[PDB]
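Peer 1: generate a structure from the sequence data that follows.
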Amino acid sequence: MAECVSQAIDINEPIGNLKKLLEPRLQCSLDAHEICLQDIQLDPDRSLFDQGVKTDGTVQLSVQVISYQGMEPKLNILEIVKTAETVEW
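Peer 2: Numbers count the residues shown, from 1 in each chain. The protein structure is shown below:
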């Protein structure tokens, strides 16, 4: 459906590290599923500072594993909150 996981990462650093950091959390081999945000596909090679928010440090990502009826597996962040005091767009 929309298998969500809550985990945090560096925003000035690569967002694609979700394949590494959510490995323990999802117990899933992070491979075919590309990283995304609210369904917008992102660049693992680029950061939140490259994609979306220009805030600071580590945000908490409510990122989901999306494979919609055989659609292209995406890990979308539905929620970015810098540290805990939610950053906003």
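
Peer 1: from now on I want contacts and neighbour counts done on CA atoms only, so please keep to that.
Peer 2: Will do.

Peer 1: ok, residue 55 touching residue 87?
Peer 2: Yes - between residue 55 and residue 87 there is a contact at 7.0 Å, judged by CA atoms under 8 Å.

Peer 1: gap between the residue of the chain positioned farthest from its centre and residue 60?
Peer 2: Most distant residue from the mean C-alpha position of the chain: residue 69, 20.6 Å away (CA atoms, centre = their mean). Here residue 69 is placed at a distance of 27 Å from residue 60 (CA to CA, to the nearest Å).

Peer 1: now swap in residue 73 and tell me
Peer 2: From residue 73 across to residue 60, the span is 21 Å (CA to CA).

Peer 1: residue 26 too?
Peer 2: Computed as CA to CA, the residue 26 to residue 60 distance reads 16 Å.

Peer 1: so who does the nearest residue to residue 14 once chain neighbours are set aside touch?
Peer 2: Spatial nearest neighbour of residue 14, chain neighbours left out: residue 47 (4.3 Å); criterion: CA to CA, 6 or more residues apart in numbering. For residue 47, the contact set (CA atoms under 8 Å, 6 or more residues apart in numbering) comprises 10, 11, 12, 13, 14, 15, 16.

Peer 1: identify the residues contacting residue 15.
Peer 2: Applying CA under 8 Å, 6+ apart, the residues near residue 15 are 9, 35, 42, 43, 44, 45, 46, 47, 48.

Peer 1: pretty sure the first one is in a helix, no?
Peer 2: It stands for residue 9. No - Residue 9: not assigned to a helix; according to DSSP: H, G, I helix; E, B strand; the rest coil it is strand.
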